[PDB]
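In structure tokens, the next block holds one chain alone, the form deposited in one PDB entry.
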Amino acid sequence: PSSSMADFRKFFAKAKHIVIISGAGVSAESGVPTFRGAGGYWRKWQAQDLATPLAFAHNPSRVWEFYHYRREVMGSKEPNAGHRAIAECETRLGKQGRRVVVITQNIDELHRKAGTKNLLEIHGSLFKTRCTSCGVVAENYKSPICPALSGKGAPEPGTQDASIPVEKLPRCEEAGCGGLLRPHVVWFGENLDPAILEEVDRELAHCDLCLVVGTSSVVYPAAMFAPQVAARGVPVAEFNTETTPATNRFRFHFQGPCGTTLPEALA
């Protein structure tokens, strides 16, 4: 795979429709905890233990504690130079009639905070709720999301369950509903929104340049998206930290934190 920034920049100058697939490394560069890899725990659990329908069914208080913590932590977090380069790229290109879309697996909204408008959040958002009775999706930035969760969700091992009664967990405020809310995020074992995937397929079909940032391209989610772009002859450029491996039938690979390489690539 080429690591020629100048060659990349020649494609970038001429590209009219860029798809940017954003993975977990973009969030990790802002210090956002993911509770996934080695060492990444909340109390005695990882995300694969708590971000499941079964976990929520059996202990909705514990799952709400986990997502309440993740909401509140964001008050100490900021977009990084990678987020900023991506947003500035969209803004500048949009005034030229050129399209930039960000397809992200990240749920912490830092792309939005940085100014990205054309955003597909394929795993949902920490700052949206979904009613488990009526299905309504709502924005929710309230600190705390409900009074019973104030001071709850502490991450330290040994912290006891809050065991909030389900009636005091976040509830739907649509007139005549009152159901129990869940976080509007995709759980392990769940389907991605087909309408989201409808929009993703349209962007992949039409783009003339594809970036994979903060993730590997040979793994989910980018492995679902990049192959068919590359198969069309569209250049695929990967920006990530792991020394290729990932092995790439793709055009470019730039090693390093994306906050180091993207400001230059997307200038």
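Shifts are known only where both forms have a C-alpha. Numbering starts at 1 and follows the sequence shown. Rigid core (definition): largest C-alpha set, two forms, superposition within 1.5 Å.
Below, we turn to the form deposited in another entry, even though it does not appear here.
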Compare C-alpha positions between this form and the one not shown after fitting on the rigid core and state which of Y69, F56, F35, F225 moves by at least 2 angstroms.
-> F35
Core-aligned, does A246 move its Cα 2 Å or more between this form and the one not shown?
-> yes
Taking the shown form as the reference, report whether the CA atoms of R36 and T261 lie closer or farther apart in that other deposited form; the distance changes by 3 angstroms or more.
-> closer
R130 and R36, C-alpha gap in that other deposited form relative to this structure (3 Å or more) = farther
Only counting residues present in both forms, give the runs of 3 or more in a row whose C-alpha shift is 2 Å or more between this form and the one not shown, core aligned.
-> 33-40, 215-223, 243-247
